[PDB]
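Below are two forms of the same protein chain, given as structure tokens: structure 1, then structure 2.
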Structure 1
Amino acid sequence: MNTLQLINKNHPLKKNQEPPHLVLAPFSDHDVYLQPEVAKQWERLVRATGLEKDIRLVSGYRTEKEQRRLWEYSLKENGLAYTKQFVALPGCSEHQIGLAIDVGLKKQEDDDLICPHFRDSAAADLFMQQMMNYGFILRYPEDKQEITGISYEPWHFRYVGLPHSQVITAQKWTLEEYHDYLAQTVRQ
């Protein structure tokens, strides 16, 4: 189980890839499932930031079939442009390996399917200060769209574990750039 696995349009999942072990993750108002270490660190993060009343887990594990239904729904409802921007192709979603969390605010009207609100908020600010100390990175940062192939998603966090999350966040890297960095270092 590689917590650093790069999954995107250029690196899709293999169909022989073992489905992740899963557990039900806490701090949601519905059933969300995550790889066990991810759930454990998510829980540690929420408790340590004391954000129990302020944030919630919106989305976790999705099967490929589910990712395809999500994709097809957004394509139909929101059009190809929006969908390519904000939804990963089936086979290319981190949600399919149980290492991705979508996080939202608990006091939200509007709250949308594809783009849960995790912006303009003291809680989100605190979450962004401590996330990396529990193994999470902001997967799709602003102005990295050409590197990640995905538009800015303040709600989507990827578990990579320590110290990777701290290294990545401090350098304001994407996971793509992190792999580039590691490959360049073994190359030198």
Structure 2
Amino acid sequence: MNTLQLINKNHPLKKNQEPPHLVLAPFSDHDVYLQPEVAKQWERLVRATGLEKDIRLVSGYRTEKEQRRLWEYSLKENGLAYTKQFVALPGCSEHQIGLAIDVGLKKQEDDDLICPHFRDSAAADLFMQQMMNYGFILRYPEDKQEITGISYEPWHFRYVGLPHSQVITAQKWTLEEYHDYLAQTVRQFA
């Protein structure tokens, strides 16, 4: 239930953690599933930006087995080096808690894993202006690979909710940096 939960290579998904409730998300060519609050905020964000005809939900919730099959597919498709840069290991993906979304342009053949498209597009620029106001952050920003362990991905967004998304974005932080900031702040009251 913790919308701030940190999931990466060093902090894998809890095996004792209960699977989140999921609903079918709107504005998607495929059947994408997300947590209710995330799906609702995603819909509000699209309608508020007027991007119903320009952006689409490419990916959402993925099970550990689906994340594994994705990783294996990328391995044969793009190699080990590229896969490790853009695809998280099974159990270390925030897609597995239904808080992560992959966004792509409405017109497109290839997803940004193949031939990057979303970056610096008209739809992206307007999306980047309001996304933090609806609980979303850019999960893997540019020049942050050292901290996140993942290369720059302008199409991957993470729901953390308000006002966390506004705070993180304004400081140009990552979720890792946000947790370190929170950890340090708590120790001041100790």
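Here, residue number means position along structure 1's sequence, counting from 1. Throughout, rigid core stands for the largest set of C-alpha atoms superposing within 1.5 Å between the two forms. Only residues modelled in both forms are compared.
Report the residue, chosen from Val87, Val103, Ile97, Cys115, for which the CA moves 2 Å or more between structure 1 and structure 2 after the rigid core is overlaid.
The displaced C-alpha is that of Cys115.
What is the Cα shift of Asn16 between structure 1 and structure 2 once the core is superposed, in angstrom?
Between its two positions, the C-alpha of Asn16 lies 1.5 Å apart after core fitting.
Once the core is lined up, would you list the consecutive runs of at least three residues whose Cα atoms each shift 2 Å or more between structure 1 and structure 2?
Shifted segment: only 109-117.
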